[PDB]
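Read the structure below first, then the notes.
With ideal geometry, Cβ positions are generated from the backbone for all residues, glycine too; neighbour counts draw on all protein chains shown. Derivation of every value follows stated rules applied to the coordinates shown; laboratory data play no part.
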Amino acid sequence: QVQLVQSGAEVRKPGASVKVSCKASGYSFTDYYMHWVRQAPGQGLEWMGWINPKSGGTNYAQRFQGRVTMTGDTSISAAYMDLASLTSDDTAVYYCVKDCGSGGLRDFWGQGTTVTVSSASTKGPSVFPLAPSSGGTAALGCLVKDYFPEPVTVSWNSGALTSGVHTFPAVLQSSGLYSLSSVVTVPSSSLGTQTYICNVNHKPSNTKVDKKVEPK
Amino acid sequence: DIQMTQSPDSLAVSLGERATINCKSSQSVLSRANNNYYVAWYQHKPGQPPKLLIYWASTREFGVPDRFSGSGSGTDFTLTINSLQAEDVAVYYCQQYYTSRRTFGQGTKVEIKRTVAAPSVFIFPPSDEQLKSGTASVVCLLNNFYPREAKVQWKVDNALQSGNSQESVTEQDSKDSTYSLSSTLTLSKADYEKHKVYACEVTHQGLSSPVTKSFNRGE
Ligand SMILES: O=S(=O)(O)C[C@@H](O)CNC1CCCCC1
């Protein structure tokens with residue numbers, strides 16, 4: 001019914017600022033409230049503030065007062081969140097949320113903008129095999145190591161192989177680079193017949209890798 | 001500001017049973033003008049933004065199944081899920097919107113409680129491809145276990161490793177209600193080529209005693 005289209009993922013160095021946009025369409029363009037809510041890794045939702053794009057009135061959570069500025073352009077139904085003096089505590093998904101009237105659904109959410117606060121440079125991953133070596137079933141996989149920023153996607157056999165696939169959450173290493181593992185369990189009897197290729201995509205570095213994984 | 005304190009942090013409930021999630025406001029969130037409690041409940045799942053379930057403490061949002069209900073009594077708020085379904089596995093948040101500034105509770109993770117299931121354990125040496133680069137990653141996979149609590153202990157020539165591994169865990173599988181976990185031991189190529197016996201020892205309540213998977217470097 002309503003789409004809140006957010007700007008794309010951002011990387012910032014510590015001490016820099018970030019400005020995220022949210023553009024509404026479908027219902028209204030003036031007198032509603034737009035809220036900003038974020039979620040940092042391993043943390044709960046955190047309410048940041050609201051803006052009334054018609055009046056320009058704002059109200060910020062106490063912990064962001066003096067560091068966040070919300071603005072609105074009623075003419076393009078747009079709201080902006082500008083956050084200064086960034087630290088790694090500001091690495092988060094940032095969601096815009098429209099407050100609706102009575103009659104229908106009470107709210108609509110954007111899909112989120114990921115902001116990563118880090119001194120790391122953009123780097124595509126290395127892809128290493130986890131080669132099959134257990135009761136009729138074999139495990140194999142791909143280790144996707146040393147990339148920045150998130151995310152990477154992994155599929156198997158161009159997305160034709162879904163049964164028994166587990167792609168783990170990425171871990172952040174002390175280097176400031178991420179690592180991710182994807183595994184699949186298959187019948188041991190299939191290791192001779194069937195080919196297994198992990199399809200890795202790191203869009204931030206324009207890095208796509210296909211790795212065939214076979215017994216050593 | 002008004003604080004919202006949720007409990008419990010984690011809830012495991014059998015399929016078709018009742019889940020109860022609690023939230024305590026630090027102050028009244030009741031309007032004297034309309035006698036509504038300014039409390040909302042949200043459901044947050046992977047691949048979708050947070051979803052409003054309940055507003056004014058007890059009013060269900062359009063399109064929310066009737067197995068979701070909310071109650072408010074002074075500073076105590078409850079979200080009840082009757083007949084819990086696998087699709088209900090999520091983090092639930094309360095929120096107050098009584099004041100101009102809003103506050104979320106810290107969240108409650110709801111999972112399906114299934115019977116205990118021991119992990120299947122697999123170990124992977126570093127690839128020869130990786131060894132060219134001066135780092136070695138040794139991987140241990142724990143597949144399809146319940147509950148989520150598991151201990152992985154790496155050993156290298158029987159020395160217990162601490163601080164040089166990282167792990168991560170899948171979301172609960174919708175069909176079998178299990179978890180999987182991968183642990184990665186990172187060490188220098190020099191250390192890898194110096195030592196011989198690489199072991200992943202797994203402790204879990206589905207096992208009588210810890211399970212060890214090991215390899216000898218070069219075999
Ligand atoms: O097809 S998808 O874009 O889903 C994933 C893509 O990376 C697959 N590339 C193939 C792999 C097999 C050899 C030919 C190239």
Percentage relative contact order, region B:4-112, counting C-alpha pairs under 8 Å, at least six apart
37 percent
Neighbourhood charge, 14 Å Cβ-Cβ cut-off, centred on B:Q106 and excluding it, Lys, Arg +1 and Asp, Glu -1
0
When B:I21, A:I197 are ordered from fewest to most other Cβ atoms inside 10 Å of their Cβ, what list results?
A:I197, B:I21
What does a probe at A:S55 reach in region A:15-45, counting residues whose amide N is under 13 Å from the point 7 Å along Cα→Cβ?
A:31-34
Within-12-Å neighbourhood charge of B:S137 [Cβ basis; K, R +1; D, E -1]:
0
Pseudo-spin-label distance B:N82 to A:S133, built 7 Å along Cα→Cβ, given in nm, is 5.0 nm
Within region A:80-106, which residues have the backbone N less than 19 Å from the label spot 7 Å out from A:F29 along Cα→beta-carbon, could you tell me?
A:80, A:98-101
Just how far, in whole angstrom, is region A:1-68 from region B:49-72 if you go by their alpha carbon centroids?
24 Å
Average projected area [Cα convex hull, region B:4-112], square nanometres:
6.6 nm²
Largest to smallest principal axis extent of the C-alpha atoms in the protein assembly as shown, angstrom
76, 47, 40
In chain B, if every C-alpha pair distance is counted and binned at 10 Å from zero, what percent goes to each bin?
8, 27, 22, 18, 15, 9, 2, 0
CD proxy at 222 nm, helix term only [per DSSP H run n ≥ 4: -39500 (n - 2.57); per residue of chain A; nearest 500]
-500 deg cm²/dmol
Hey, with R₀ at 22 Å, roughly what FRET efficiency would B:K132 and A:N206 work out to, going by the Cβ-Cβ distance, to 0.05?
0.40
As a test, work out the antiparallel percent of DSSP beta bridges whose residues both lie in chain A, rounded to the nearest 5.
95 percent
In what sequence do B:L141, A:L4 fall when counting other Cβ within 10 Å, fewest first?
A:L4, B:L141
Relative contact order for chain B: what is it in percent, counting Cα pairs under 8 Å that are at least 6 residues apart?
18 percent
Ascending count of other beta-carbon atoms within 10 Å, so fewest first, for B:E111, B:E219:
B:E219, B:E111
Compactness index (Cα Rg / 2.2 N^0.38 Å), region B:120-216:
1.12
